[PDB]
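This is what each chain is made of:
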Amino acid sequence: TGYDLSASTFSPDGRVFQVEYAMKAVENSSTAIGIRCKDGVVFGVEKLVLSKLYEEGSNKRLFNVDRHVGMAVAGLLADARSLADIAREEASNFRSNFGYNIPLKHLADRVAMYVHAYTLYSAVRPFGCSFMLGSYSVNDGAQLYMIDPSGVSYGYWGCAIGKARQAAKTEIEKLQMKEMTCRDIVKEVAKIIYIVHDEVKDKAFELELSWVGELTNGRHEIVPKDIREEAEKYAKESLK
Amino acid sequence: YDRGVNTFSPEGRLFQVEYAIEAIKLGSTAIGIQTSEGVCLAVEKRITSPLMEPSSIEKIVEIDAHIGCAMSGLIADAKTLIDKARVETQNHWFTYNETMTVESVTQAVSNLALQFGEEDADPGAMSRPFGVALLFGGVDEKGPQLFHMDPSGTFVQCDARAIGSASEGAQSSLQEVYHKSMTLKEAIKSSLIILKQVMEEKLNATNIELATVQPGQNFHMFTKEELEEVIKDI
Amino acid sequence: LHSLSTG
Amino acid sequence: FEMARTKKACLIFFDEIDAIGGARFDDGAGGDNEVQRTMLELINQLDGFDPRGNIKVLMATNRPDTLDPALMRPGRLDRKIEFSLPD
Amino acid sequence: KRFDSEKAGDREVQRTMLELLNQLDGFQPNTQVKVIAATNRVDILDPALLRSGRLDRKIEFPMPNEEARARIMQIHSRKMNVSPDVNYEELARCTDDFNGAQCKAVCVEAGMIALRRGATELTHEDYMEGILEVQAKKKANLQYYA
Amino acid sequence: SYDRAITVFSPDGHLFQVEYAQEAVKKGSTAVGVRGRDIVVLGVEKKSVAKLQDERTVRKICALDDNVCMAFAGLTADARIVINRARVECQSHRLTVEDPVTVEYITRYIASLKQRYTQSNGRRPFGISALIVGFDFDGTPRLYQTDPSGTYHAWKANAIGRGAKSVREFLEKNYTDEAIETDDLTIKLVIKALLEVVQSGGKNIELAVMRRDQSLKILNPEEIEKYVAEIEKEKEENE
Amino acid sequence: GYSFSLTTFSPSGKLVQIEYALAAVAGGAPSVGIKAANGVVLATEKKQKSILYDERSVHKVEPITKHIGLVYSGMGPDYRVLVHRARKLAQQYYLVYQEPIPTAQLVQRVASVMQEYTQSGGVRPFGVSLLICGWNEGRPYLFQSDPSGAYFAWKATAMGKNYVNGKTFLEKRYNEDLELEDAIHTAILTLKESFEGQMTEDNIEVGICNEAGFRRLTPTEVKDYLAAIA
Amino acid sequence: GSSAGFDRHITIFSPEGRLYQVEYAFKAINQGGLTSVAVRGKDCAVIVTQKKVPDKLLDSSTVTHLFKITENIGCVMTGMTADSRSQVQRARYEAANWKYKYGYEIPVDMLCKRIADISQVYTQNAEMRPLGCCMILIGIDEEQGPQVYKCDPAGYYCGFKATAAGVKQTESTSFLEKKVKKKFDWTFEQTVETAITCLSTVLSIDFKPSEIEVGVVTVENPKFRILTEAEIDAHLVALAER
Amino acid sequence: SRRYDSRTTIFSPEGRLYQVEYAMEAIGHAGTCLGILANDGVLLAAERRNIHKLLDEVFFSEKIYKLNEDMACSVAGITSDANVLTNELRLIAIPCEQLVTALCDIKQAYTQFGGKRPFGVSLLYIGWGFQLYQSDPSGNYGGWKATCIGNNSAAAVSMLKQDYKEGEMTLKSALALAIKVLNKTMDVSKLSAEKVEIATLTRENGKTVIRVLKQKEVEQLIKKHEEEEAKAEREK
Amino acid sequence: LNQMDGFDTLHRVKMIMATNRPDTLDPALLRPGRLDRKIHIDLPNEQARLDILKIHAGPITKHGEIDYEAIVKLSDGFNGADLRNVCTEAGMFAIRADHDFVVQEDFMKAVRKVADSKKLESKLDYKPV
Amino acid sequence: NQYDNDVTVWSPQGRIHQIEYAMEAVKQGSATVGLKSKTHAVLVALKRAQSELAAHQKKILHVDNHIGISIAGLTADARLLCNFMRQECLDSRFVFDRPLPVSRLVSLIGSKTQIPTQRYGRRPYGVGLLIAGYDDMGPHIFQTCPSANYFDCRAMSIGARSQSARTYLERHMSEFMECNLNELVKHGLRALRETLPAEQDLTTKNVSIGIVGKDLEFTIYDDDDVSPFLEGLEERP
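### Looking at the overall build of chain K
For step 1, the next point in the chain: Assigned secondary structure in chain K consists of six helices and ten strands.
For step 2, the next point in the chain: On the principal axes, the C-alpha backbone points of chain K span a range of 50 × 50 × 40 Å.
For step 3, the next point in the chain: Looking at the 237 residues of chain K, the share that counts as buried comes to 65%.
For step 4, the next point in the chain: Of the contacts formed within chain K by residues at least 6 apart in sequence, a portion of 63% connects residues at least 24 apart.
For step 5, the next point in the chain: Here chain K has roughly 8800 Å² of accessible surface; of this, 50% comes from carbon and sulfur atoms.
For step 6, the next point in the chain: When the 27 positive and 29 negative side-chain charges of chain K are each reduced to one mean point, those points stand 4 Å apart.

### Observations concerning the pattern of salt bridges
For step 1, the next point in the chain: For the structure on display, the rule yields 114 salt bridges over all chains.
For step 2, the next point in the chain: Put simply, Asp47 of chain D and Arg73 of chain D hold a salt bridge, and the shortest N to O gap is 3.0 Å. Here the residue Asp47 of chain D occupies a position in the loop between α1 (33–46) and β2 (55–60), and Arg73 of chain D occupies one in the segment after β2, the gap between them amounting to 26 residues.
For step 3, the next point in the chain: Through salt bridges with shared partners, a single ionic network connects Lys169 and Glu173 of chain A, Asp55 and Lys56 of chain H together with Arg112 of chain J.

### Thoughts on the interface of chain G and chain H
For step 1, the next point in the chain: Counting residues at the interface gives 31 residues for chain G, matched by 38 residues for chain H.
For step 2, the next point in the chain: Carbon and sulfur atoms make up 58% of the surface buried where chain G meets chain H, a total of about 2800 Å² over both sides.
For step 3, the next point in the chain: A per-residue breakdown of the area chain G buries against chain H is headed by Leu52, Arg80 and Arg124 of chain G, which together make up 26% of the total.
For step 4, the next point in the chain: Our enumeration of links across chain G and chain H arrives at four salt bridges.
For step 5, the next point in the chain: With a shortest N-O distance of 2.4 Å, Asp117 of chain H and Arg80 of chain G are connected by a salt bridge.
For step 6, the next point in the chain: On inspection of chain G and its partner chain H, the count reaches 13 residue pairs in polar contact.
For step 7, the next point in the chain: Only α1 (16–26) and α2 (76–97) of chain G provide two or more residues apiece to the side of chain G that touches chain H.
For step 8, the next point in the chain: Across the side of chain G that touches chain H, the residue classes tally to 17 nonpolar, seven polar and seven charged.

### With respect to the state of the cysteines
Residues and elements named next belong to chain H.
For step 1, the next point in the chain: Counting across every chain of the model gives one disulfide over all chains.
For step 2, the next point in the chain: Each sulfur in the disulfide pair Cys112 and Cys151 lies 2.0 Å from the other. Taking the sign of the S-S torsion, about 105 degrees here, the bridge from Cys112 to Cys151 comes out right-handed. Of this pair, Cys112 sits in helix α3 (residues 108–122) while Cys151 sits in strand β6 (residues 146–151), and the two are 39 residues apart along the sequence. Of the two residues examined, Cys112 and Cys151, each falls in the buried class.

### A look at the packing of aromatic side chains
For step 1, the next point in the chain: For the coordinates displayed, the defined rule picks out 34 aromatic pairs over all chains.
For step 2, the next point in the chain: Aromatic pair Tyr21 of chain A and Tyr3 of chain K: ring centres 6.4 Å apart, planes at 90 degrees, arrangement edge-to-face. You can see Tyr21 of chain A sitting in helix α1 (residues 17–27) and its partner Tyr3 of chain K sitting in the segment before α1 (17–28), one on each of two chains. As far as the burial class goes, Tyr21 of chain A and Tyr3 of chain K line up, both buried.
For step 3, the next point in the chain: Summarising the aromatic geometry, the rings of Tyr53 of chain G and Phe160 of chain H are spaced 4.7 Å apart at their centres and angled 50 degrees between planes, so their arrangement reads as tilted. Residue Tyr53 of chain G is located in the loop between β2 (40–44) and β3 (62–63), and its partner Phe160 of chain H is located in the loop between β7 (157–159) and β8 (162–166); the two belong to separate chains.
For step 4, the next point in the chain: One aromatic cluster is present, built from ring pairs that chain together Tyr2 and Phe4 of chain G, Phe6 of chain H together with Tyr4 of chain I.
For step 5, the next point in the chain: Lying across the ring of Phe195 of chain G, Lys47 of chain G places its NZ or CZ 4.2 Å from the centre.

### Description of the side chain of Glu208 of chain A
For step 1, the next point in the chain: As for its placement among the helices and strands, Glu208 of chain A is situated in strand β9 (residues 205–213).
For step 2, the next point in the chain: Ignoring anything within four residues of it in the chain, the contact list for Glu208 of chain A reads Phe43, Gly44, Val45, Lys47, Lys60, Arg61 and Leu62 of chain A.

### Concerning the packing of helix α2 (residues 76–97) of chain F against helix α3 (residues 96–112) of chain I
For step 1, the next point in the chain: Look at α2 of chain F against α3 of chain I: their axes get within 9 Å of each other, and the N-to-C directions meet at 110 degrees. As far as their axial angle goes, α3 of chain I and α2 of chain F are roughly perpendicular. Here the hand of the crossing between α2 of chain F and α3 of chain I comes out left-handed. Counted together, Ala77, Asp78, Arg80, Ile81 and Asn84 of chain F of α2 of chain F and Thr101, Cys104, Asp105, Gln108 and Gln112 of chain I of α3 of chain I form the full contact between these two elements.
For step 2, the next point in the chain: Partitioning the contact of α2 of chain F with α3 of chain I into residue classes produces three nonpolar, four polar and three charged.

### Regarding the nonpolar core
For step 1, the next point in the chain: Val37, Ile69, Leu137, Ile212 and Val214 of chain H are the most contacted members of the largest nonpolar core, which totals 73 residues.
For step 2, the next point in the chain: Setting aside its immediate chain neighbours within four residues, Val37 of chain H contacts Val46, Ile47, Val48, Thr163, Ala164, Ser172, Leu176, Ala195, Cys198 and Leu199 of chain H.

### Structural notes on the pairing of strand β6 (residues 143–147) of chain A
All names here are of chain A.
For step 1, the next point in the chain: Taking burial as the measure, the five residues of β6 include five buried ones, the bulk of the element.
For step 2, the next point in the chain: Residues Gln143, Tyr145 and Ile147 line one face of β6 and the alternating positions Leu144 and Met146 line the opposite face, and both faces are buried.
For step 3, the next point in the chain: Examined bridge by bridge, strand β5 (residues 129–135) and β6 share five bridges and lie antiparallel to one another. Counted as the bridge partner of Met132 is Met146 from β6.
For step 4, the next point in the chain: Two strands pair when backbone bridges link them, and β6 and strand β7 (residues 153–155) are joined in this way by three bridges, in the antiparallel orientation. Note that in β7 the partner of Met146 across the bridge is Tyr154.
For step 5, the next point in the chain: What sits between the antiparallel neighbours β6 and β7 is a turn of five residues, in which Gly151 has the positive phi angle 100 degrees.

### Quick word on unusual backbone geometry
For step 1, the next point in the chain: For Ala146 of chain E, which is not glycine, the phi torsion reads 55 degrees and is therefore positive.
For step 2, the next point in the chain: On the secondary structure map, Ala146 of chain E appears in the segment after α5 (124–135).
For step 3, the next point in the chain: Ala146 of chain E gets classed as buried once you look at its relative accessible area, which sits at 1%.
For step 4, the next point in the chain: Positioned with a positive phi, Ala148 of chain K is a non-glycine residue whose angle comes to about 65 degrees.
For step 5, the next point in the chain: Within the fold, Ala148 of chain K resides in the loop between β6 (138–144) and β7 (150–153).
For step 6, the next point in the chain: Of the residues examined, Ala148 of chain K reaches a relative accessible area of 1% and is grouped as buried.

### So, the packing of helix α4 (residues 163–171) of chain G against helix α5 (residues 180–194) of chain G
Residues and elements named next belong to chain G.
For step 1, the next point in the chain: Where α4 contacts α5, the two axes come as close as 10 Å, and the packing angle between them is 145 degrees. For the element pair α4 and α5, the recorded crossing hand is right-handed. Residue-level contacts link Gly166, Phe169 and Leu170 of α4 to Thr186, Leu189, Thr190 and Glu193 of α5.
For step 2, the next point in the chain: A breakdown of the residues in the contact of α4 with α5 according to their chemical character gives three nonpolar, three polar and one charged.

### Re the environment of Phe60 of chain I
For step 1, the next point in the chain: Position of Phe60 of chain I relative to the elements: it lies in the loop between β2 (41–47) and β3 (64–66).
For step 2, the next point in the chain: For the pair formed by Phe60 of chain I and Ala38 of chain I, sequence separation is 22 residues and the distance between their alpha carbons is 24 Å.

### Quick word on the environment of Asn218 of chain B
Residues and elements named next belong to chain B.
For step 1, the next point in the chain: Locating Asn218 in the fold gives a position in the loop between β9 (208–213) and β10 (219–221).
For step 2, the next point in the chain: Between the alpha carbons of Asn218 and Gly68 there is a distance of 9.7 Å; along the sequence they are 150 residues apart.
For step 3, the next point in the chain: In contact with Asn218, not counting residues within four places along its chain, are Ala65, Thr212 and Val213.

### Quick notes on the arrangement of the chains
For step 1, the next point in the chain: For chain B and chain J, which are not in contact, the least C-alpha distance works out to 29 Å.
For step 2, the next point in the chain: The two partners chain I and chain J share no contact, and the minimum distance between any of their C-alpha atoms is 27 Å.

### Some remarks on the pairing of strand β4 (residues 67–73) of chain B
Residue and element names in this part refer to chain B.
For step 1, the next point in the chain: In terms of burial, β4 is largely enclosed, as seven of its seven residues are buried.
For step 2, the next point in the chain: Hairpin connection of strand β3 (residues 60–64) to β4: two residues between the antiparallel strands.
For step 3, the next point in the chain: Note: β4 against strand β5 (residues 132–140), seven bridges, orientation antiparallel. The partner of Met71 across the bridge, within β5, is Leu134.

### Details of a nonpolar patch on the surface
Residues and elements named next belong to chain J.
For step 1, the next point in the chain: A surface patch of nonpolar side chains, amounting to about 310 Å² of accessible area, comprises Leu10, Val13, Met15 and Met17.
For step 2, the next point in the chain: With respect to the element layout, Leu10 can be found in the segment before α1 (46–56).
For step 3, the next point in the chain: Residue classification places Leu10 among the partly exposed residues on the basis of a relative accessible area of 34%.

Cut-off values and rules
- Residues numbered from 1 in each chain as written, not as in the entry; some residues may be left out.
- Chains lettered and ligands numbered in written order.
- Part of a larger assembly, values for the part shown.
- Heavy atoms only, no water.
- Residues with missing side-chain atoms left out of burial classes, pairs and counts.
- Helix = DSSP H or I, 4+ residues; strand = E, 2+ residues; numbered from the N terminus.
- Buried < 20%, exposed > 50% of the residue type's maximum accessible area, 1.4 Å probe, protein only.
- Contact = heavy atoms within 4.5 Å.
- Areas by Shrake-Rupley, 256 points an atom, 1.4 Å probe, with all protein chains shown as cover.
- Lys, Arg positive; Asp, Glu negative; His and termini not counted.
- Charge placed at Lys NZ, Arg CZ, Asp CG, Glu CD.
- Salt bridge = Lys/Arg side-chain N within 4 Å of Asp/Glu carboxyl O.
- Buried area = accessible area lost by both parts, 1.4 Å probe.
- Polar contact = N/O pair within 3.5 Å; in protein donor to acceptor, adjacent residues only side chain to side chain.
- Nonpolar A, V, L, I, M, F, W, Y, C, P; charged D, E, K, R; others polar.
- Disulfide = S-S within 2.5 Å.
- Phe/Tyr/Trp six-rings, centres within 6.5 Å; stacked < 30°, edge-to-face > 60°.
- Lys NZ or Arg CZ within 6 Å of the ring centre and 35° of its normal.
- Axes fitted to C-alpha atoms, helices over the stretch in contact; angles between N-to-C directions.
- Parallel < 35°, antiparallel > 145°, perpendicular 65-115°, else oblique.
- Left-handed = near helix turned anticlockwise from the far one by under 90°.
- Core = buried A, V, L, I, M, F, W, Y, C linked by side-chain atoms within 4.5 Å.
- Pairing = 2+ DSSP bridges.
- Patch = residues over 30% accessible without salt bridge, like charges linked within 9 Å, V, L, I, M, F, W, Y side chains within 5 Å.

Written out as structure tokens, the structure reads:
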């Protein structure tokens, strides 16, 4: 019909269909969840292996846009890495100009505006990835924001992006995240990721775990392998 | 039309590149042969009128004292590639006091291909691929060498390669008559024989161009007398 | 100019 | 297709199938709705709930890019023979 | 979908659709007849037809994934004399963006090719080469790549 | 800046914009160039000669330099730009090399400019074909033809424009060494070739010659009328 | 931005986008410009769709210099852009020449901008017609600049909705001996003929240019002039 | 509703002189499903908007269509959230630039005048689409007093005694017009109650002090403040008891 | 971007530039403009289409503009593009042919690259010997003794071709010819002075004088022409 | 049209007409002389969605607290058939887990599934002209 | 056919068809296999010749002293990417006096190849790369796609009929780590054999082997130097 070929064209119902197609690109990817607990934020990713040939760590959907901010992506991994570099340069510029670590609210509001800059012109296409930025600090506290292809950044307690986003949100709502700590939230994130995974459909997934909280002194790091394996065992046992 | 120049077909083909490759089949037939005694380049002038001067139809070009080029297709498009070859050469000599490898010249010319675009391009950037096919022939440390270049920027060394309108039949004849250990005179005679059987007109010392790059000797365009000497046989 | 725009 | 099924073996040739085989679209108005219904009926006859029978169809078109994806699907057009220009 | 026009329109087919809508969920609640519908383009349907009283469950049928493609090929190779060396997993890996009909056509064309060379048993090469036929890739001389 | 590929390859392998420019040339007035022994002659059909038209301003034969002049066929406005660029480069080459340009050099520059306009973003090809005649530094007369594609060739005699095919056919038959023995015979050959297409006669012929070590000389209408009278007289004795 | 012209010549030799911009102009609020012997009057129908709109917040009749003013018919935002452009051009002329720009020169520059928007790449013509009133050399000046960038010197004219009948009314109601107050009366009558409902001191905007310069009439003065009508 | 060419795909005129892309941008405002109401009083201006939190997972502290453009100027955004954030950031930049270049706080009318000038370019150049958002700015002026300005995708702008944007813009406009016809210079409490009553009556929600955001500016303190849930609850109880 | 591009500067399959032809069609609907050369001066006679009774008359001329101290021009087509071209003409300005060549170079460049629509304006230039030139949107210019552009240009050119005695004209005979032609080209059977615009360029005291005739002089010319036509009718 | 409002006045006969596309109706039919009132049966609001959910979840066998408010919050844009479908899908999730009752989690899954299925529906905002 | 003409047009299914079309260019290219061990990373490329009178097109390019690639697809785009990577590796030496890590180089190339996949009038690089390198982290095999998405693979294979090589690599992936260099090269050659038709066989003319190791510089072996690797493997069944 011609109303969806460009992002600079409005539909007669006032909707930019290119942005919606970019959102569907995100909805076609595997589910990544993130839960903001009492003393940090925990990111979990159901990173499927498309073949046994890829090494353990390829296509890392958990990024480190700063020393205190982690990024969980879902959708086009090339656009995801481009946005990860954009966020990295935004945090670097914030540190080089103002002299301190960028607040998660400001980093989210800046990367979201960079994303929105690609939803107005026919010279470019909207980003085909949605990403969650999570951080923790003693002053600001645990923060978790999600940014979609349109550029809408919203703070969250528990969020999920991917094809099993609704089921993951339903499982997340059962949690009393506002009271429990990271050491339990990692186990629950593993349980949710294992629950929403579809073994008869695309199978053989890897659990990518990361966190940022007071137990890491406000530093985003990959969850240690021992804790990750304990969470994996708990998640497998929870499936009976 | 709706398509841009930098558009991929569902089969993975660059549309404009394939369309430029189709332009060579309308060009005149050129035949290059590489032998241990040298590189022989031949091309048909395809004279369209007795009034046209054959000497002005230059389709074999001195790239440098050790390298020549035979072009087929859109000859006007080949002028830019020839100029870049002749300027890129003597720039290697300027900085290193040595003649370029034929492979290096062909690679430098190949880098020009695919350097076209519509948006996000320089004002001097080209708009379409070069609808010409080039046959570089020269002498370097690796002895005589013949390279074929096509509008896709894919250059490859060839023992004996035929481009142009009669590329298929001339290539088949080259495969039938080429052996690795043969003299340059045999190569010239075989190329002339293959040309004579594919020309629309009758072969004479005026409607064809012959050139040779031999070790020791320089690039040499065959004169009318030299052409008649080898044509008088066949 | 500024006054005209503002008033 | 009813009279084609009254024969043990039958061939149907659809010359210039792009006349009715165009892809379905919604242009606000009733753009090519009836022709789309004809194409849908042809598709249902080719591969639907009921078996087609011993009918082997054959369509020729110079505009295959305009054909509906459901018509260009195996089970309705299993073989796609390209009549490219001769070498 | 119904539309508003001043000059012409397909009001008769819309009347038939409105009768269908009334039958599905209208004045007389018919709760003894089950209704199943199928379509390729749900974006064309009238929103009154996609209602949650007429079509409660709208099941999406996706492209068969790798395991599904292998399963479909195995299903359609049951009545076929296939050698015990075909790698249906490899065939599934080679059939990206193939629907179930194309997966069945892969087996059909493999049988075609096995008959073409006179073999009485289908080999993995027959399936691999019939994948090319089902792909229907246009003829290309792209031997200058790499 | 407008950066769109105006000239792109057709699926057939053709540059359709170049072919359309050549068609625009084919819609132009017939220009004939003949390279003689010591003279080069350029005769252009004047299309229609309105009595109110200042014939000085509408001139399809223009001298690029003191030794080079060209006659075009095609879009007059494009031809003016090509002529101006060629004149500027002729002056630049004279400044640099301290030698008047050769016919090959200016022809090559014109063809290269045309090819650049057939391969640049946002530019349509020049819709003119040129017949460039002149004398080299050694006194050799030279005639060259360039087309909108950017390909140029040397010709003993040639014609461009609407009547190009028939005039070239005539020239292929009557261009002989005897026919170019003298300047008068060369001019008569040019006028005959133009009369093969021109209907009214000498009224629609603008003829300009160039002799060795001389500037371009435009023939006055009475001279062309005298030449046409000579050809008409010679026609009778051959019957 | 696009580098290709969005306004092109139709096969019938018409700049179609300019005609469509003129059609947009003809759908705007009526505007009347009358050049009297001692000044010019620009009147317009500044009618809102609700009382919630602040009538005095935005003005359709805006000054450009101390002696030049504009009133538009067409699209509001385009007129605001052209108002800023006209003011900037007037400031440039004043800075160069240390003298307020003549009305004709400002009209020419503004029309040049409007034409530039009919030929430049990736832009549409302004959907406004500008009535420009000024006072120079002890003489009044009235001009109309259309979307195409063409300017006309008008003794009296009307633009916008019902502008043809307004023009016909002005032919039978204007003479060169009119005074400024009678010109205001005639302009208010011209608006009233195309007006629907009643004209209050707030739903129309009137400005006048005389030897004292250009000034937009306050609502009280418009109220007095309207009470003069009835 | 005639069309000719790309008049529905880019901001060029239709045969009847309409910019369909701008009208579609206007329709994009209702895509968010939210309605905002701004009411101006004798010495105060109030913006109220419904905040929707579909699930407890969403951090309700971040779902805010009320943005503090400057200390003395506030705004409420209606429409696409990303375009709303873009317009808010641009308005903040323009306010800061005005303060730097001219030395005094930007007037509320001029802020939306500049924003509408920015958004008019989107309706003239074809390479970009208009922002599908509507800004309502409120602020206390030095002399004019309270000021409310709606600021639409077309580059149109006007002052308002009371305006509304979003899905229920017309019903709220009718309600506020009926209230204004009574010609009462409302006090601060009266303006807040009028805005809350407009939103509630039009939406029929019977608000709780967690479903609406209220931001006020008053002459006594010419600063934009977002009312807390207790402050909103006070007005809700006052409305309920009457 | 490619979707919305109209490709103004391209070649049609027949070798024509459609935008240039459409601009010429636009000029064909413009006001009639005449240019006549004489032995002592040149004249431009443009039909005035801005003939509304409420149109103020403040400008020195409507379609006739002064480019320099030696030249004048008249336009047919889009008036705003005419203003742009005349401003550029004044900026460039000099021999008449050089000025026409420069403006035509700009006009041609607009038809070769840039993607913009061409200047839909045809110009008639008069200057000082005395010379008259005509330029088209394509950038193709040509000198003339008598020429016409705009409405009924073909009929005017035929009338001049039949009536223009080459070489033997003064300013008076050329003015009479201009009135005679304009009477037939315009649909008005009377051709009042308010619907025409005559400007003459002549060499006086070694200086170029470009003067637009007053309405009284034009009425005198019309009266003389109608009296001569009545005298011709006296024969029949 | 001649029967609703024509030459013969209609006495003691009332006409109720229902449509979900009133934009396509003939202007004479929509004329207030024939269709005097135009009652907009709009999509349910929060309280209306709560009422419809309580109506349709009434006969559903449940144990545990049922927070209808959460389903209302996540039911934005739903219609009455949407909420009946929410109850039906909650019961269907109960059946799929082999249960004789419905809990709040089943309602959560049902409402999210119905919201997902709502993305295929085109424009519904149609009003008489 | 309206959603596939440009790289900035999202299809309604959330796919960019121009990117997939560029990805098919790699599938049109000749097969190549890159596999790594505990200490080595090797690439085996099956060169193709347009005609038997023309040389086989080179597929393995030397990028740096420790990094070398195998190309599949457009040779000119491959040369552009190889020049970019050579320049990046050279700049790393010029700045930090250290080799550029392979993981940190593939990231730069995946960021470079992503820019054309988002801007109007640009096209994705119609070349797929198999990068074999060695660094402090050991050997690395990376696969770079026209979609600008790269994978860190234990053993990858791209090109025409490369999925048979993928199957062979998956079958024998367990023994890649502990095998020596000769066994690794034999595994690569055996994997590449699966991409050939039944009648074809690996010869010196159409096999190129690029090897990088802990103490071994990246070296490319051709017809004369491939024989010490080819003669060991036995004839396939």
